[PDB]
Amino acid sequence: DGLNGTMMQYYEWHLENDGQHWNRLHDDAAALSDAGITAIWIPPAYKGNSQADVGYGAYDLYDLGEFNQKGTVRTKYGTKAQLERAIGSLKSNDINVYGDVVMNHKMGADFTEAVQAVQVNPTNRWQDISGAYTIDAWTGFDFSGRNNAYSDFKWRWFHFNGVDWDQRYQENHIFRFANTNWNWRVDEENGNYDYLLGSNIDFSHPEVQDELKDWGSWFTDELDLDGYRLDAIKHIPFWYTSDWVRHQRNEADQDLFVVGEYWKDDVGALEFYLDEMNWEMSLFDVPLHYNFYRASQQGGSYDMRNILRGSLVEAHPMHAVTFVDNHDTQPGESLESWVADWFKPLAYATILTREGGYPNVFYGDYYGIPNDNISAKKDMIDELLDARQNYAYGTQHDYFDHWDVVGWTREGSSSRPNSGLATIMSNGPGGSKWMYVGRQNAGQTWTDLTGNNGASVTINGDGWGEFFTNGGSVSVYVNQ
């Protein structure tokens, strides 16, 4: 063992709705493992509001593309049988499977129900702006085509506490069901950020807490998951997520890795949440993503010495899942903040070659995003994955000492031959920098894995070497 861990989000928002994705994953297993991928984060695998739903408009958590509901049997990605077949391929190829879990809300309700509600202030859900009146809310779920397979639980309006659409008078408003409280504790942006979209689940009810725990365990056992990616957890009561997590680890024999999506460009907020979780999971390093974006947007003037500053990985590398972009940050999406092609290579070297953090590769970057004419960066990434997989080991030395050129090295480890590397980059004019790589690598000649620089670096007697990088580029030297 000892091999570094590399996660990969296997999907992008504009993937084709051809129902063959699971099959593609199945066929890609061997190649992904060989490339350096050790864990695959799959998109929500259950029936959404429609066949083409990316998965977040979650309709039925027990329908993994097995029953005819919402106008389709399969999900956008494929059928339950093809999913299971894919997971089998992943497992036999030494790849962990983390399932995306959406429990904040539900959508695609089978029918509406009359509910007493009040409109609240969009920027302050604490502030009611209307008196209580009766609206028709899409809260009724009967899961017709499933026939109570796996579970006979049915959802009704009293399991929720809000919606953003009154079907009686057909109007958009943030509604809080009268005589129900907004979950707590939850992110406080907008006062109370319990409500995001769809029909918001109220976890105050015991029957709801238990249902999602049982489902969580059913799902876990059904797919033999090795962990989860928790969707929109800042909108879900902190106390419940912890309960749920502890419950799953209790029911499952296998270990379970957990990464939560707490979307906020504020590391303090993330640390607070992790505090409440008692550090029993990691979170996506959202501030680091925005640092990459801020740098991508600004240009060379951006001071590279601050690239990791304010990042979650900087403070708690053991609890940070680092990434460059995702299905929400890609162009045109809800959390759009795309890292341009010029800077993206630097961002990836940063999360794949450094020692801290559990790095995640984005499918959209790897294979490209045809919808927006974004080329596949597979070539560039595979060289960084080769570096991480075979060379990013041993003691690390940082050099964020210049506004343009920065770098770091890894001395390597006896446990893994020829390991050791020196990453150097610049977001402006090129340059060079002497860096220590371990007197034990002395007399060695290192070359750039990325091919961005032809310089051949020989390590002197004191274990030092001068490394070169061109402008707006990044190079990763290793003893190959």
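Note that residue numbering begins at 1 and tracks the sequence as displayed.
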Problem set entry | Mean C-alpha temperature factor, higher of 157 to 165 and 322 to 330 | 157 to 165
For this session: Output the stretch having the higher mean C-alpha B factor in the entry; the candidates are 365 to 373 and 295 to 303.
Result: 295 to 303
Seminar exercise, completed: Reading the B-factor column for Cα atoms of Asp231, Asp401, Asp226, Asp341, the highest value belongs to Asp401
For this session: Using the entry's values, work out which of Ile351, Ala315, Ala109, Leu346 has the largest Cα B factor.
Result: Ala315
Exercise. Where does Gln51 sit by CA temperature factor within its chain: lowest, middle or highest third?
Worked result: lowest
For this session: Using the B-factors in the PDB entry, rank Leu283's C-alpha atom against the chain and give the third, lowest, middle or highest.
Result: lowest
Problem set entry | Among modelled residues of the same chain, the CA temperature factor third for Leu212 | middle
For this session: Sorting the chain's modelled residues by C-alpha B-factor, tell me whether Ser199 ends up in the lowest, middle or highest third.
Result: middle
For this session: Please place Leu449 in the lowest, middle or highest third of its chain by C-alpha B factor as given in the entry.
Result: middle
